[PDB]
Structure formats: C-alpha cells, structure tokens
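Peer 1: Quick one, structure for this:
(16 chains)
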Amino acid sequence: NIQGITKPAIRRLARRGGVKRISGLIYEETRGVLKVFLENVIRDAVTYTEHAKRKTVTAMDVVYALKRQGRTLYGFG
Amino acid sequence: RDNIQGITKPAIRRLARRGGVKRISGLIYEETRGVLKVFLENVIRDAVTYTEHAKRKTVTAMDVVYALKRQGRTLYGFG
Amino acid sequence: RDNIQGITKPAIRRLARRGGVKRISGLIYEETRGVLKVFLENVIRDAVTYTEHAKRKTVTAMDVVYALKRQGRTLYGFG
Amino acid sequence: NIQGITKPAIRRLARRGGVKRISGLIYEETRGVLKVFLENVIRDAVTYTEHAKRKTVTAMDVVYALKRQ
Amino acid sequence: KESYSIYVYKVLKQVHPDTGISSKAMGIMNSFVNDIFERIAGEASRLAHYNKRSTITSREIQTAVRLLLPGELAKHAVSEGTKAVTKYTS
Amino acid sequence: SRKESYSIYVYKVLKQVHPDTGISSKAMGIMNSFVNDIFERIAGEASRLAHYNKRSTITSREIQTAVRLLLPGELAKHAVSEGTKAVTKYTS
Amino acid sequence: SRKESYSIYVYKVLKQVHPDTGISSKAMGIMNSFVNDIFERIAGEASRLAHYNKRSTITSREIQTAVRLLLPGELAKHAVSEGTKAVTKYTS
Amino acid sequence: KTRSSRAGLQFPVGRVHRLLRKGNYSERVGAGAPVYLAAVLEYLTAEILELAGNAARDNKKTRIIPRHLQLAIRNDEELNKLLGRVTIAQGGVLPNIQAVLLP
Amino acid sequence: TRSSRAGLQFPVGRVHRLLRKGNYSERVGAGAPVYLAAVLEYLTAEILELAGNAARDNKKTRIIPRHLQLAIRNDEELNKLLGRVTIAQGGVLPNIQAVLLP
Amino acid sequence: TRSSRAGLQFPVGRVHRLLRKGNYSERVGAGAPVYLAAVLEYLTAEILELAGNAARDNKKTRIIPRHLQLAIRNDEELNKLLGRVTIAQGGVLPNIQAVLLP
Amino acid sequence: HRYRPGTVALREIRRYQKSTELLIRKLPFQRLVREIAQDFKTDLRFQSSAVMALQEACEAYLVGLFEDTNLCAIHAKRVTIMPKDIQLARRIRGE
Amino acid sequence: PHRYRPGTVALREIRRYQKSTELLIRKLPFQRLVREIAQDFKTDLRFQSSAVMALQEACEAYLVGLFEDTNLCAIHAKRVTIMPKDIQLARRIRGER
Amino acid sequence: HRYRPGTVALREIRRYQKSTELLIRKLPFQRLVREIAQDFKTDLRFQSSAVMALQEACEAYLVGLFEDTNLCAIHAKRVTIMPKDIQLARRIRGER
Amino acid sequence: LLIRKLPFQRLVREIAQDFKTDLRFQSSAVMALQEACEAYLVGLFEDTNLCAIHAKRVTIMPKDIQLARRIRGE
DNA sequence: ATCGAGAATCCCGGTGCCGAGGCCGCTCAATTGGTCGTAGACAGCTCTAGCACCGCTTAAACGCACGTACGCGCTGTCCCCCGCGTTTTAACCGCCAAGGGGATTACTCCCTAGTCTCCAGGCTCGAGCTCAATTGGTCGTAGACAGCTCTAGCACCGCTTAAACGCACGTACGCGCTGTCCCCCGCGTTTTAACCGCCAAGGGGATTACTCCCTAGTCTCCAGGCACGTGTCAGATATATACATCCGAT
DNA sequence: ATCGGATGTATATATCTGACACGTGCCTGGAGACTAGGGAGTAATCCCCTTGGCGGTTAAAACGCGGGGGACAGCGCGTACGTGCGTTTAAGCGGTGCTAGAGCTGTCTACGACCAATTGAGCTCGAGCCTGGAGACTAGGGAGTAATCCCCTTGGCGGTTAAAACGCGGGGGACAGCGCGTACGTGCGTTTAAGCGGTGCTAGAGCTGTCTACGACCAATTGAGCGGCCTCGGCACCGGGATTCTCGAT
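Peer 2: Residues are numbered from 1 along each chain as shown, chains lettered A, B, ... in the order given. Below is the structure in question.
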C-alpha cells in the first residue's frame, strides 16, 4: 500500500516545500520516511483508543497523538 | 562590560574539538559568541522571572533547571 | 601574438622626446616595453575584474577609469 | 626648536637607513624636510580634533591623518 | 459540547464589524484558544507548585504569560490583564 | 531541615545489579533527577489519559498506557512486564 | 536614454567669468570629470569624518572640515568663504 | 451582571474559572486569576483576528479562512514564535522560494 | 509495607503520597502507585546495569556521570527516552566522522 | 530652486540626490549639498578662469584640453590638488633642463 | 513551443504554495493508514475526520521536511535534493 | 625541528576532549558574563554558585551539540571546516531561527 | 648640410612638447591590448573608447616616467638615459 | 626610536601652536607622531642612498634628497 | 669666444569650408512644496583619568677640538655607440566592403486576473437547561514581621597555566572545465480515484441500578533522613612502557 | 604499500596520600492497618447512525516512452588561512581573610476561596430564511523565442608615410689618475632627558533628558538632454617673411 503514495504526489508535496529539482531516488526514501511517521503516530493513536475500550479511532486520538509527539494540530477539536 | 569576550578563542576551539570539529573559520568565533549570548539571555530571562515570582533576590540552581526544562533542554544533576 | 613588439623603437623615441630626453641607449627600448607591459597588465586586470563583477562581457570606459583611480592614476575626461 | 633635532640623532637615523657618509649640509636639509612633514601631519590631526570639538589631540586622530596622507 | 465560537465572533465584530469567519477558521480559533489556555494554566500550576503555594492567583497567571509570550505580545498581554483585574475589582 | 530523596532505593537497586560497585554523589544526584523526570512524565501522561476519557481515577491501566506511549519498544515491553507482575503480586 | 551632466552649470560659470569665451567638448568633458572627482573626494572625506565622530549625518561642518583637509592654503580659505556665504544666504 | 461585563471582557470569566476548578491545576483558584487569564486569551484572539482580517481584506474576502490564519501567524515574528510547533489545518505554507533556485 | 507486599524496592507509599499531592487527579487507585513504582525501579535498574557494565569496561568500581552518559547514549532506547536531556559532567561519545581522518 | 535660494549656479538638488544615492551616510544635512555645490562651483570657476586666460594668451577664443593642462600645471595649488590626475590630450608644459642646451 | 527546464517547475512551486488543497489522493492514503493500523490492533475502524487529520499531519510534516531538505541542498551549492539531504535534515531534527 | 602535519594535533585534541568531562569555559569569565546578562534584566541580583555552574553545564552541552550538527552540515557540503552558514543551517533546521 | 648631434633632438623635444597628438600607432597598440586581454579571458571584445583610454593612460605614464628618468640622468651628470636610471625612477616611485 | 622624546615633543608643540591655540597632546599622540616621522625619514634616507649610488657616490648630499622628494611627488 | 653669408625651417597674411558648436522644441522626470513623526542630535552635569607644571638628579647623550685619512671632484683621453641623411622595403592606413554572430525588439502562446451568474453556507428569531451570579460561615492558605546563621560578595596575592601575538606554510577551500547521467516536459494510453446512491449493522452514546473501590480520621512504631566517624578507593607522582607519527628509502 | 630510526603522544604501574561514601546511631514523621461512608466504574440495554460495503458511471490523474538540455562529480589549479610552534605577557585560581545581605524558619492573623443552596440567566439547539461567494467563462497581458538589424570584428586593395638598415662619422661613458676638501672615530668637557616625585587641575567620555531635522510620502512643476537645425573661428593650405644653424673666420 506504500506504493499508493505515488511519485506525482511526492512531487507535489515537494513543490509546496519550494523544491525545484528532485532526484529519482527521493521517492522511495520519502515513502520510507512517511511510513515511519505514520507508524509512530498511529501507535500512540490506537493506544488511546484501547485505553478508552473503543474500537473506532477518533479524530481526538490522532490529534492527541500528534500533540504528545510535539506536532500539535489545530482545527479538529 | 564587554564580558562576552571572556569566551575566548581557545575555549570556542575546545568546544568545537569536543564536537569533533577539525578546522574552524576565523569568523566562527564571533558568530559563536553571538549565538551563545542569545542562548544565555533566553535561559536567564526565564530564570530571573522565576526568581522574581518567588520574591527572592538570589537566583538559585532550581530557577535555572526550571528555565531549561521549560525551554526543552532538561538538565540533570542540580535538583 | 608578440604584439608587444608593436610598441616600436620610433614610438618609444617619440614618448621620450615629449619627456625631454635627448639621447637613448640601445637597451632602453626593450626595457620600456617590459615596463609598459607590466603597467598594462595591472590596469587591465583590474578593469576586467570590474567587468566581471558587473556580469558584462564588454570592458567599458568606466571600468578603466575605476581601475586607474584605484591604482592612483585617475584619468580625466572619459566619464 | 628645529635645532633640537640634533646632529647625532640625524646621523643615527641615516645609519638605520644604511647611509655610510653624510655631507655636513645634510642635517639642515633633513630638519627642513621633517618640519614640512610635521606641519602637514599636525595640520590634519588638529583639523580632526576641532571637528570632534575636543581640545586634546588623540593618537587616533594622528593615525587617521597618516592614513589620509 | 462547549466552545469559544460566540466569544471569538464577538471579538471579530469588535475588530472587523463587517467581516465574517468560516467554520474551519472558527474551529482553528477554538483550538488556538484551548492551546493557549492549557499552556498558561499549566505554567501557572507549575509556578504555584514550585513555590509550595496552593493558590493560583493573577500573579501566577501574569508570570506565566511573561514566560510564555515573547516581547511585545507579553507586554500588551500583561497590560490587558492588569487593566482587566483593576476594572473587575471595582 | 528534612529533604527526602530516592538515594537509598537507587543504591539498593545498584547493589542488586552490581554487588561490588559504588556510585559517586554527582551520579546519585543525576539518578534522582532521572527518577523524578520519569515520575513526572508517567504521572502527567496518566493524568491526561484519565481526563481524556472522563475518568476521575488514575489506575494501573493509565500507568501502563502512559508507559507504552513514553517508553520505546523493548523498554516499554519490559516495563509493562515488571508493572504487571508487581501489581499481580501486590493484589495477592 | 537620459545621461545627466554638469555641462550647463559649468557653462553658466564660464559666462560669468569670461563672457565672450567658449569651451570645447573635450574641455567640457574634462570639467565634468573634475567636478565628479572633487565631489567624490569631498563627500568621501566627509563620510569618514562623520564615521570617526560616531555621527550618522553629513552637515556643512563635516563638508567644511573635509574641504580644509583637501584644499591647499588660499584655495581652501576661498572655498570655505564661498561655502559659508552660500549656506548663510540659504538659511535666510 | 456577569463577571466578564464587570471586567470589560468578551471571553467568559465564569467558564474559565470553572475550567480552572475542574482542570486539576490546583486545589483552589483565586478570584482574580480567571479574569486575568480570560483577558490574556481575549488579547491574543483579538490580535490574531486583527492580522487574519487584514490578510482576508488583502485577498478581497469577507470571511477569514485558514489560509489567512497561516499568513497572519507566519508573517508575525512573535506569533510565529509562540506557535512554532503548531500545524494549521488547511493552512498551507508561506510563499517562499530560495534565491539560489531562481534564474 | 506495600512495597514488600508488591516485591519492590522503590517506596510505593511515598509514590502514592506524591500522586495525592501532585494534583494529577481527584482520586488515585490502589494499584497505580505499585505499577508506577515498579516501572521507575525497572528503568533505574536498566540504567544502573548498563552504567555498571561501562564502569567495569573502564576498570572503575565507582559509577560517575561519564558512565551514565556512556550507558544512556550507547543504548538506542534509553537515548530515545532521554533525547532532550543533558547529563551534567557526562561529556560526549568518542566519534570522528571518517572523512576527516588522514 | 535651492540653488537660487543660495545664489548659486551649480544644482543643489542634484548634489543632494547624488549624496542620498551614493550610500555615504544614513542622513544628509540640508546645508551639506549647498556647501558642496558652492565649493565645486568655486573650483570650477577658478580652473575655467585660468584656462580662459591661457586661451587668450594663445589668441584662441575656445578653451581646449591644452589650455586646461596649462592652467592646472602652472598654478601651484591646482597642480597640488590634481597631482595624480591625467588631463587627456593635455600634453605637458614646455621645459628643457639648462644642462641640455648648447 | 517548449519551456526551459525550471520555468514550469517554478510555476508549479508558486501554484502549490498559493493553494491549500490536500495533495495525496484520499483512497490510497486511507488504504495505507488501514494497513499500518492493522499491524497494531485488529478490527479497528476509523472516523472519516480521523483519516483527514492523519492526512493533514502527514502532508504538513512532509512539506516542512522538504523545506529543510531544500535548504540542505542549497547549502551544498546544489539545486537538486537527494536522499543524503533528507537523512541529514532528519538527523539534525533528531529523528 | 619536529612538526606535526595539519590535522594530526586537531584529531588528538578531539580524542582528548571527547574522552574527558571537565568544563571547557573558564569559570570566572563565564560567571562574569552571566552576572552581566542578568544585571541587564534586574539590578543587584545575587547567584548561588551551583546556579552558575548549572548555567555553564547547560551552555557547554548546548554548544557541543550545536557544533556536532554544524560538523555534520560541513561534512555534507564536502568540506572539513565549519563556517557561519553551517551554524545558521543547523539552527534553522533545529527550529531555533 | 648636416646638423650637429642634439640640435635636431632639441627641435624634436620642442615639437612634441608643443603638440598633443597621441604618439603610439593606434592599430599596433590595439593588437597589443587585445593580446594582453586575451591572455586573461578568451574571446573578449573592447569598446573603441576603452582602447583609446588605455592608450592615453599608457602614454601619459611613459612620458612621466621618461621625465623622471631624465632627472635621474642629469643627477648623474650624464645626458643619455640608461636602464639603471629607469630602475631608479621606478624604485623611488614605489613601482618596484 | 632614534630622536630624543622631549625635544621632539617640544618641536611638535611649537608647530601645533601656530595652528591652534591652547592645544594639549596625549602621550600616545606624540608617540604616534614620532613613529611616523622616524619611518618617513628612514625611508627617505633609503631613497637618498639609492640616488647617491646612482651617481656613483657613497655620500648622500642635499641634491640626492631633493631628487628623491621630487620623484616621490613632494 | 663671437663678426658675416647662404640655407632649411618655423612663423605670419590671407583663404576654402567646414563639421563641431550654439540655439530651439519638449516632456518628463528629476526637482521641489508641504507634512509627520522619528530617532538622531544638541545641550547640560560629573569627575576622575590622565594631563600638566614643575623641584632634584644623574648619567648618558650632546658638543668642541682634532687630525686625519677617504671619497668628491676635476680633468684627460679611447673607444664605443648613437644621432642623422638616404634609400628601400611594408606594414599602417583610407576607404570600402563582408558576413559574423549578437542584439535588443516584435510575433506568438497560455496565465492570471476581471466580470458576471446562480447557488451551499451561515445569519436571525424562538424556546428548554446546565451553568453562572450572590453571600454567609467557615476553615485554612497566604501575607507580613523578627531573627539568624548561612552564604554570597569584596579584596590581596603567588605562580602558573593559559592566553595573546608573530612566522612559515602546506593542507585546505574556492573556482573553471568538462564528460555524462538523469531528471524535467510533453503527449498518448489505462487505470483508478472521485461521485452518487443505497443499505447494514456493529459500535458509540445516553439511562439506570450497586456495589466494590476509593477516600476520611487518626495512632503508631518503624523505615528513612540527619549527622558522624571513618577506612578504602580515587587523585597524584615520578617510572617506564609500548603505541603514534615524521622523515628517509625498496 | 612497506620498512626502519627518532622523537613524541598516551597507557600501564608501583607508591603515597587524602577525601568522601558507607555502616552506625539517633530522631521524628508518615505508611499502614483499621473502620465506615459514599461515589463513580460495571453491566447491561437500547437506540441510532456512520462508515464499511457494493454497484455503476465518469473523467481526471498516474504510467511510460521518448527528447533533450542541464546539473553532478570528479579533476586540476590558484591562493591564502588556520595551524603548529615559539616567545612573551595576563588574569585565573586557589588561598585566605573579612563582611554584611538575604533564604529560611517560625508566629501571628486578617483575607479570602469553598460549599451550599437559590435564582435566573446566557448558551445552545431548531426552524426559517436568505445574500455574499465559487466558479464559469472569458479577455487583456506578460512572457519567451526567434529574428531581422545595428554595434563591435575581419578581409582587401591598394597608397603611401614611415621603419629597417647602411653607414658614417662624431659626441659622450667610463677608466686613470691626481689633487684636495672634509666627515668621523677619539678624546675630553658638558648639560640636559629620564626618571622619580609631588601637586594642581581642564576636559574626555560617559550619563541623561529633551528637541528638532529630515526620510520618506504624496503631489505638482520647469530645466535640461535628446534630437534636430543654422553657423562660424579653426584646420589644412599656399605664399611669403623672418628665423636658427652651419661654414668661414682667428
């Protein structure tokens, strides 16, 4: 499923970051980085769901995970 | 006065050596001093704030530890 | 190539005449050429630096005037 | 006061300059040259002092005078 | 379910009478207010604990504001807090 | 002038893990700072957990979840193992 | 393509000093070079003077002192006299 | 007569006080603390809304949207410092191209 | 004592008191301070174990801050846990980037 | 115009603009471009006076570079001021060392 | 007609820095999120807004990391970002 | 006379100071700096000795880490000499600027 | 008829100190200038007035140098300028 | 330094007095003037020596100084 | 050294024309008329560093013969080499072209903003409700004062390790060239995500009983902290040990 | 890359010494039973409602292939800067001693926040509009990419003033030699700058507190440079006058 994060999507993300030229090897590297990030956040998020004895990951779980990882997200309170 | 100059060139070299730096541009030293001064200000401001909140006239080690903790540079060993 | 030889013997004689010189050793001419070449190099080098700083490919009169000024040989009339 | 720049002092200066023999008439000429130099340098130094609205000529004024000459 | 929507909107009408605000922007403003609330209240709590005090007073709030807000924001926030407490007390 | 610390417990653990090794005062101070730091992290996260779930009690469940959030990987698994064993021994 | 110069002002001065005398284009170029050269010298010295005295403004005093440094003897005295008369007339 | 009205505020002093009592911050809360705190939150809300409104007006929009919040926050050095580790949803980023990338 | 009932060395009673007085919640369960004390004890034991190992590698019988820094930074998970922590009098790990060597 | 207010022919405004845009100082006094314009005008007038004199001595009505060179080099203070200056197409003053004559 | 290499790149940079729309396709991102979640807890479901939150977080993180990567590329007097740039940026960030 | 080549003594010093733990800034000048900076915020302050030592530990740990990152940036640019732009990149990526 | 050595020399001095025309041939100097510039950067072009400026500067420099050389020659009670005179002039000027 | 301090100072003060009244001098200002004067004179004597050797002499004479100063542009 | 007599040459009398120069239109843009805060600037006051102004002193630098040998100067020539007429060869030049790419402008294309039109999204008036304002008693937390001994601050000084400054200099950084991969742009084909609709049911949220787990009050006696004395490991000191690096040679 | 000598780091080491962490003793406060009260966590239980699912359509984006220009990474070379060391200062520091301000600890006590009702009051949701906004379409514009056309190069065909060279003879460059004026190392007398010191003091630099001069921002304006059109002292030129030089002269 990691291959679903397509090359043009990563290019667009890089464009928003102001990048003008992109090595061919960036894409696979970026995918790896993304997976790690998601794992970490999701690991905390799902943990919160489990403490509450729920089976549905909520927006608050993800926001809380991001906050406790120092990546506080505004707008989904 | 001008106490930032007490952070001498050989001291900055030694700090860089501990950081693994082999060669140092001549402009680094003054640059480093500025950076260091900024850092100290940020810490000391908070430290003095705690001192002022406690209605004390002596900055304690705990004021500094708290300033560092709240600036994300938690320091161990002076509690 | 070897255009330095274009600073001819009669030309050097004419320049010496304007300087008030009446008699000229046979060895002066080659010596003068060397001196002139050094002078030109020093001026032209500086001129080209200005041209290069301006990212232009044509050396202008102002480049030369600036080179002469910064070499202490300010020239009037070509501004 | 120009005569306070004595004959042996000028001789010592010439020795440091590598001069082996010195005409007797050299000394007065050197004194004159020195005097001219001093006038020019001091004129500039004092000019700077007056601009700064000071009454004491400083070492930096002199250094600046020397630089501009 | 509580929110700051009406208070944010009142402030907006004070500063820009003919300007509105989108739902997403209001949600972001509520998140913002909650964030700054948590930061200031938490720092005030630590100040009180650090000094073996059981009461959070306006002084703890003010010191926390001085610690958390940079420069000009800190000066105006302290000024607003002081003005507000003086107006409230009388 | 009574000042409490964890010094004796750190020393007892040290004697458990390295019977003939000592420790300097500076190192003991650093260990005390460490224990207090981790105490604050776990207790604070557990408090937040209880608040988040509209619970007024911090139980071993909040402690365990806080440990899982705060500790990395195998450290988290071992800490959870120690905590569970300790709570089960205590209840009996 | 507009290139500014001092030609008309130099020519006005020429008509003041020599009413029936003209000036060649080459000579006009030398006069323009002259004015630009002295401008740079005086302005630069005034800037240095202001810097030396930790002043950020060039006023008639720095210009005047620079003039005294740059011009010889009677030329300096005459230039200073002209400048003072001009500044005092301007102020009134 | 409400406490916010006596304090000259728009933010709810009573609600902030209740949130302080129930937020497990201290056993007791002084009467002046929620007024001061409410005043600080109101000041910051007014400042952010001021800049965001300005950005909206530059964009000929009558409603502040998240984009204007990001412009307001990132274009103010001290607000950007306060919210340095905050993600504004649907905010995007500031327009910025490094000079070395330009022709 | 509750620590003895739980088989621990760290003071369960003391941790419980600090929980009551740290204003974390209105109520605290009976099992919470036992678990917390056990986790704190385990982490202390792990750091002291690694530091002792380092101390013996250096032929020293007394643990000093340097051994604590070596123990923490040379273990990936402790280094992660203490990523933003300064160990006073700890120094740094010996490490020179390969390209600078002759 | 400011030149007219000062009774001058050289352009005070132009000198002021050139001072502002030459990056010489952050601020420029109101009297500085007036003073500078007056000095530049005086020196210009002195050289043109002498060059005109030389031109008339040569029964010429137009000043050419030769007259400028003659004017500058025969006047001690102008020669000092322009000691390191080349007047294009100026030539030199006629001068033969006495020892060179028959 | 053909634009020179970089002109359209700059146009795209301006375009995407001007706008705010999400840049990863919804369905593959959701699929990835569910795949990763499955390796932590079985039988999980997700609120729509939870996935949108995760997506906002991922793209904000990547855009910031790519900003730093670009600064790292320029630091080495290059204009092309490479994997070593990403690894340095992540090392200095403490990741 | 004997002479070590450029870099040998630098490396020796790196090994020496990474092996040891003593503070690298002189005690008294740092103390004077700290007192000056504090005095420009509030007059007549005193300091506990351990407070100044804490500030010194914090400053040196911060600088050594910053210099590590600076070195990584230098090596990244195929240089061996750290330069101001290296410090600025390291601090920009750290989020200090 | 034959003029004695020096009479025509003196006449030439008077002639060229009276006039102002440039004394080096334009085009050979131009080749020299282009050669020297090309040994710094290939394929350079020159403005016409740039070459004339370099030529004016060079001739003014040389006339002054020959004046100083003459003073050094006269100092040594000679009337013929020689290389050591040029070298003395340039040493005292600070060019060497 | 090769000139005696105090007579040099007396000379400096006399010359300064003819430009501005009531002037005082810093010690380091006089030391600066002395360093400058001695450097100038030694260099001028170097050039004088070159002029003397040019004329196949070993004794420097006033005409040597005057030639050196003319070529320097003084 | 200067008298004359003849001659190449520079300067004066008078002239063609002539191209650079003096004079006029214009537009437009640098120049200037008011205006506002704003910080840079002027003005006063201190006071002490350091400048000044002099009373011995003394010792080394300065000054007066001195005579005396060294270098300046002044001719006397020999030989070299350099000015001057003359001619001839030729590269400088008059004047014209030529391509010779290079060049700021004009043809051409999609991009970004302008303008205008029908809606998804919130504004506005009307009722139930948990929460917010009152105030009394109260019980305790904090504000304030007295005292102390703890410790932070100020000052002298040996000596010495460290810091500061100068000399090579060679390992380094920075810049120009260039071979070449390699990634940007464009377009045609294929998925595959977006959209819209409809349903399912499994899990989140509200409701009510209760009982087990947490708290409240309080005595104690035992674990834990404050000293305390001390004996073992750390710091130190010269041995001397083998490990690193520099400088020739295979 | 390997191998020795020669110095030059650290590492191991036996010996000595001293500081401090550990076992011990003592004190006091708090952790643990202990009981009862009450309050929230469990457990259904019930509803509803939100995202899996599927299905179908559709249409916009990801792939892939290709073209081709442009950044990467050596490679080499210039120059020049931090280093290593040596030598000479400079303040750190550990000591030692004084000395007084504040952290702390304790006591006392008016201030104030917490419950407890108690009212009622602002928020919040529902129903009912609606009116700026998204965007749909479209038109001017900003851009490059060539592209015809002027600004600095490069033949060319001689024309032709001048350089190369002879050579030819005549005027210096330099060596010899000599004659003599004159600096200079010695010697002895002197006399004054350096040094120290002691006292009296004008202003340099700093601190402070107001004060006004201009960098802009509009906003309106005439002086002049580009461009073009008459116009005249000057440049080249011829004729002639008056000269500067070279014999001829002792």
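
Peer 1: Please verify my assumption that residue E:22 contacts residue H:67.
Peer 2: No: distance between residue E:22 and residue H:67: 9.9 Å, which falls outside the contact criterion (C-beta atoms under 8 Å). All C-beta spots, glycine's among them, are computed from the backbone N, C-alpha and C.

Peer 1: Look at the two and report which has more neighbours.
Peer 2: Neighbour totals were compared for residue E:22 and residue H:67, and residue H:67 leads with 23 against 18 (other C-beta atoms under 10 Å in any protein chain shown).

Peer 1: So which residues of the chain form helices?
Peer 2: Just going to use chain A. Counting by DSSP state H, chain A has helices at residues A:7-16, A:26-51, A:59-68.

Peer 1: that's the other chain; I wanted chain K
Peer 2: K:7-18, K:26-38, K:48-75, K:83-93.

Peer 1: list the buried ones in the second one?
Peer 2: Spelled out, that is helix K:26-38. For helix K:26-38, the neighbour count (16 or more other C-beta atoms under 10 Å in any protein chain shown) marks K:28, K:29, K:30, K:32, K:33, K:36, K:37 as buried.

Peer 1: now it and helix A:59-68, what's the angle there?
Peer 2: Going by axes from the mean of the first three to the mean of the last three C-alpha atoms, to 10 degrees, helix K:26-38 is angled at 70 degrees with respect to helix A:59-68.

Peer 1: And chain A, is helix K:26-38 touching that?
Peer 2: Yes: under the criterion of C-beta under 8 Å from any C-beta of the partner chain, chain A is reached by helix K:26-38 at K:27, K:28, K:29, K:31, K:32, K:33, K:35, K:36, K:37.

Peer 1: Tell me the secondary structure of the nearest residue to residue K:17 once chain neighbours are set aside, please.
Peer 2: What sits nearest to residue K:17 in space, not counting adjacent residues and going by C-beta to C-beta, 6 or more residues apart in numbering or on different chains, is residue H:95, at 4.8 Å. Under DSSP: H, G, I helix; E, B strand; the rest coil, residue H:95 falls in the coil class.

Peer 1: What's the local residue count around residue H:95?
Peer 2: The local packing of residue H:95 (other C-beta under 10 Å) involves 11 other residues.

Peer 1: gap between it and residue K:16?
Peer 2: As for residue H:95, its distance to residue K:16 is 10 Å (criterion: C-beta to C-beta, to the nearest Å).

Peer 1: Show the subsequent helix or strand relative to the longest helix seen in chain N.
Peer 2: If you go by DSSP H, chain N has its longest helix at helix N:27-54. For helix N:27-54, the following helix or strand on the C-terminal side (DSSP states H and E) is strand N:59-60.

Peer 1: Mind giving me the packing neighbours of that following strand?
Peer 2: Applying 3 or more C-beta pairs under 8 Å, 6 or more residues apart in numbering or on different chains; DSSP states H and E, we find strand N:59-60 packed against strand D:21-22, helix N:27-54.

Peer 1: Tell me which of those lies nearest to chain K.
Peer 2: Proximity to chain K (C-beta to the nearest C-beta) singles out helix N:27-54 among the helices and strands packed on strand N:59-60, at 45.5 Å.

Peer 1: Show me what counts as buried in that closest one.
Peer 2: Buried residues in helix N:27-54, defined by neighbour count with 16+ other C-beta under 10 Å: N:29-34, N:36-38, N:40-42, N:44-52, N:54.

Peer 1: do you know how far the closest residue to DNA strand O within chain A is from chain G?
Peer 2: For chain A and DNA strand O, the shortest gap (C-beta to the nearest atom of the strand) falls at residue A:24, measuring 2.5 Å. Applying C-beta to the nearest C-beta, to the nearest Å, the value for residue A:24 to chain G is 50 Å.

Peer 1: ok, residue E:10 - contacts?
Peer 2: By C-beta atoms under 8 Å, 6 or more residues apart in numbering or on different chains, the residues touching residue E:10 are residue H:10.

Peer 1: Now name the helix or strand holding it.
Peer 2: Assessed by DSSP H and E, residue E:10 sits inside helix E:5-15.

Peer 1: ok, and does that helix reach over to DNA strand P?
Peer 2: Yes: using C-beta under 7 Å from any atom of the strand, helix E:5-15 comes into contact with DNA strand P via E:5, E:6, E:7.

Peer 1: Return the entry from those residues with the maximum number of neighbours.
Peer 2: Among the residues of helix E:5-15 next to DNA strand P, residue E:7 has the most neighbours (other C-beta under 10 Å), with 22 neighbours.

Peer 1: Next, count neighbours for residue E:75.
Peer 2: Residues lying near residue E:75 (other C-beta under 10 Å) number 13.

Peer 1: ugh, typo on my part, it should be residue K:22
Peer 2: By other C-beta under 10 Å, 15 other residues sit near residue K:22.

Peer 1: With adjacent residues omitted, what lies nearest to it?
Peer 2: Leaving aside its sequence neighbours, residue K:22 sits nearest to residue K:55 (C-beta to C-beta, 6+ apart; 6.1 Å).

Peer 1: Could you pull up the contacting residues of the one you found?
Peer 2: Applying C-beta under 8 Å, 6+ apart to residue K:55 gives the contacts K:22, K:24, K:26, K:29.
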